[PDB]
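Contents: one structure, followed by commentary.
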Amino acid sequence: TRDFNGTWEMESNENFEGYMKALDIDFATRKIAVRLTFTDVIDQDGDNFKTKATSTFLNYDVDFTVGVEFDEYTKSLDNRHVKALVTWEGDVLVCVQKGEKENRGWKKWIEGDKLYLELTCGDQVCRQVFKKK
Amino acid sequence: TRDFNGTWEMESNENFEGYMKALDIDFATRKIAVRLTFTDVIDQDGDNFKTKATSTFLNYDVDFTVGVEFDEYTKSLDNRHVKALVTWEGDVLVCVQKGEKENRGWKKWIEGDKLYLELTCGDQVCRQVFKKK
Amino acid sequence: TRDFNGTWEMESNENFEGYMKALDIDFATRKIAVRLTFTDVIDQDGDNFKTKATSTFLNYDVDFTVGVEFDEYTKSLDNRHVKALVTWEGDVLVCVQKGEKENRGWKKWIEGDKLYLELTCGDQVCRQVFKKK
Numbered sequence: 001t002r003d004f005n006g007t008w009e010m011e012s013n014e015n016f017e018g019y020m021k022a023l024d025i026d027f028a029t030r031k032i033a034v035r036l037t038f039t040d041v042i043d044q045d046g047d048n049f050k051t052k053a054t055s056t057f058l059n060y061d062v063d064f065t066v067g068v069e070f071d072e073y074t075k076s077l078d079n080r081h082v083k084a085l086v087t088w089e090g091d092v093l094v095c096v097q098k099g100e101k102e103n104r105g106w107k108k109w110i111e112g113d114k115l116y117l118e119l120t121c122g123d124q125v126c127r128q129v130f131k132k133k
Numbered sequence: 001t002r003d004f005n006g007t008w009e010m011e012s013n014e015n016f017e018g019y020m021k022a023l024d025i026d027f028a029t030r031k032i033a034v035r036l037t038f039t040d041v042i043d044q045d046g047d048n049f050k051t052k053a054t055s056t057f058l059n060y061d062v063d064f065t066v067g068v069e070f071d072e073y074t075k076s077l078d079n080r081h082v083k084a085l086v087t088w089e090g091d092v093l094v095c096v097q098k099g100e101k102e103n104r105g106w107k108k109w110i111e112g113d114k115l116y117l118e119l120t121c122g123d124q125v126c127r128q129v130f131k132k133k
Numbered sequence: 001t002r003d004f005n006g007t008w009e010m011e012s013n014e015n016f017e018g019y020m021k022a023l024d025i026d027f028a029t030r031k032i033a034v035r036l037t038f039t040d041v042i043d044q045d046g047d048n049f050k051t052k053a054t055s056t057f058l059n060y061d062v063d064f065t066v067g068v069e070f071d072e073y074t075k076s077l078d079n080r081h082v083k084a085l086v087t088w089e090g091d092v093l094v095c096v097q098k099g100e101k102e103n104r105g106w107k108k109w110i111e112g113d114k115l116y117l118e119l120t121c122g123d124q125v126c127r128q129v130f131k132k133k
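Top to bottom, those sequences are chains D, B and A. Sequential numbering from 1 applies to the first sequence in the deposited numbering. Sequential numbering from 1 applies to the second sequence in the deposited numbering. Sequential numbering from 1 applies to the third sequence in the deposited numbering.
Shown next as structure tokens:
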């Protein structure tokens, strides 16, 4: 069909970074665009086209079972490969990420109606708290 | 007129880069902030003000008709000036963007309810697939 | 408790930059990630977990009363500390931000249903106009 009309949500994006590298794009905007997804609204009347490309950040998925070792590529962060294992310590989810970095992992627990997540590596700890919606 | 209450959506942003350069802001976040739009929710009680400044990415717009060469400032990416021409090859939209980069263009076609877009430059092609929502 | 099911919206992010630096993450993606907040939807059936981490830009909140000088940490821009004061010039909000940069401030006013904001540092002025929604 010749009809490109409608709203299109991206599902795949292969060699986007290589394409941008060939375009002589700069490290900053290459790192910006590599963490996105796009939706194109095309309005097409015969041979007249009006396109609008909206971009937002691509969700990151992590699926695991407690006690089962899995392979995690932290595309969210440093894009490293680690072997991750999660355990129950009382009501605490303790995850160890074995790999190049020492003392790397996180701990997650809930107090009241708020969630507490401590991400750790080398000596740097990061404390984040989330509210339930 | 002293009443700033409400949600205000941006329509213009002139010399934002120059303002940030005068603030001597760094290339990374300058490249991030130049691709944004802002919406300010103001709650104003007399002389008391409560600000919310939300930031969103900039919708990239492209309007063209098949067969007429047009001028494209390829923002979103390398911010280059190209002379672009799109043609129908059967049911495929093939556009070549003549400019500094050689063999630069793209192809667009439809299979069922999926859109296929191949962006090309030198030897690097990037394949993207979109689902209709 | 051991039930992490639901949607959790972030309200703090402490030592994120040190954590990312320890991960040997790059200035570009560190500068982007410091300008974000996250919302995680967790689906947990017993010991099976399915997490989805959505990313959205941060919200720059600014609270002031007209005539009272306040302290502003411009995390949106140069991450500088300035002592800011807002005054009425007719129906225009004129704010001076005393600090390292000279002649730094802004002006805000309403014409009809549009908002006009002029950000003024050294020699560079930046004009932004918003439409009321």
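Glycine included, C-beta positions come from ideal geometry on N, C-alpha and C.
Name the chain A residues that come within less than 8 Å of residue i, Cβ to Cβ?
| i | result |
| --- | --- |
| residue 104/B | Within 8 Å Cβ-Cβ: nothing; residue 104/B doesn't reach chain A, min ~25 Å. |
| residue 65/D | 47, 48, 49 |
Residues of chain D with CB under 9 Å from residue i, in chain order?
| i | result |
| --- | --- |
| residue 59/A | Ordered by position in chain D, no residue passes the 9 Å Cβ test against residue 59/A, which lies about 14 Å from the chain. |
Say whether chain A places a C-beta atom closer than 8 Å to the C-beta of residue i.
| i | result |
| --- | --- |
| residue 8/B | yes |
| residue 110/B | no |
| residue 32/D | yes |
| residue 113/B | no |
Apart from the five residues on each side of it in sequence, which residues of its chain come closer than 8 Å, Cβ to Cβ, to residue i?
| i | result |
| --- | --- |
| residue 91/A | 109, 110 |
| residue 125/A | 118, 119 |
| residue 113/D | 131, 132 |
| residue 30/D | 17, 20, 21 |
| residue 25/A | 33 |
Return the chain-ordered list of same chain residues with a C-beta closer than 7 Å to the C-beta of residue i, the five sequence neighbours on each side being excluded.
| i | result |
| --- | --- |
| residue 102/A | 122 |
| residue 70/A | 64, 84 |
| residue 43/B | 5, 50 |
| residue 21/B | none |
| residue 58/A | 35, 36, 37 |
Excluding the five sequence neighbours on either side, which residues of its own chain have a C-beta within less than 6 Å of the C-beta of residue i, listed in chain order?
| i | result |
| --- | --- |
| residue 74/D | 80 |
| residue 104/A | 97, 121 |
| residue 10/D | 37, 38 |
| residue 95/A | 84, 86, 105, 106 |
| residue 72/A | 82, 84 |
| residue 115/D | 130 |
| residue 56/B | 37 |
Could you confirm whether any beta carbon from chain D is found closer than 8 Å to the beta carbon of residue i?
| i | result |
| --- | --- |
| residue 51/A | yes |
| residue 27/B | yes |
| residue 16/A | yes |
Report the option in the options whose CA atom is closest to the CA atom of residue i.
| i | options | result |
| --- | --- | --- |
| residue 50/D | 114/D, 5/D, 126/D, 106/D | 5/D |
| residue 87/B | 76/B, 106/B, 2/B | 106/B |
| residue 53/A | 1/D, 35/D, 30/D, 8/D | 35/D |
| residue 127/B | 7/D, 3/D, 14/D, 66/D | 14/D |
Nearest-angstrom Cα distance between residue i and residue j?
| i | j | result |
| --- | --- | --- |
| residue 12/B | residue 18/D | 33 Å |
| residue 100/A | residue 78/A | 11 Å |
| residue 39/B | residue 118/A | 15 Å |
| residue 68/D | residue 47/A | 10 Å |
| residue 60/A | residue 66/B | 43 Å |
| residue 41/A | residue 3/A | 13 Å |
| residue 16/A | residue 7/D | 36 Å |
| residue 89/D | residue 45/A | 18 Å |
| residue 1/A | residue 62/D | 21 Å |
| residue 33/B | residue 23/A | 25 Å |
| residue 76/A | residue 27/D | 21 Å |
| residue 93/D | residue 93/A | 50 Å |
Name the chain B residues whose beta carbon is nearer than 9 Å to that of residue i?
| i | result |
| --- | --- |
| residue 13/D | 126, 127, 128, 129 |
| residue 133/A | 6, 7, 8, 9, 39 |
Give the residues of chain B in contact with residue i, contact being defined as C-beta atoms less than 8 Å apart.
| i | result |
| --- | --- |
| residue 99/A | What residue 99/A touches in chain B: nothing, since even the nearest Cβ is about 11 Å away. |
Which chain B residues sit within Cβ distance under 7 Å of residue i?
| i | result |
| --- | --- |
| residue 121/A | 19, 22, 23 |
| residue 91/A | 1, 2 |
Taking 8 Å as the CB-CB cut-off, is residue i touching chain B?
| i | result |
| --- | --- |
| residue 78/D | no |
| residue 2/D | yes |
For residue i, return the contacting residues in chain A, with the cut-off set at a CB-CB distance below 9 Å.
| i | result |
| --- | --- |
| residue 62/D | 49, 50, 51, 52, 53 |
| residue 83/D | Under the 9 Å cutoff, chain A gives no residues; its nearest Cβ is about 16 Å from residue 83/D. |
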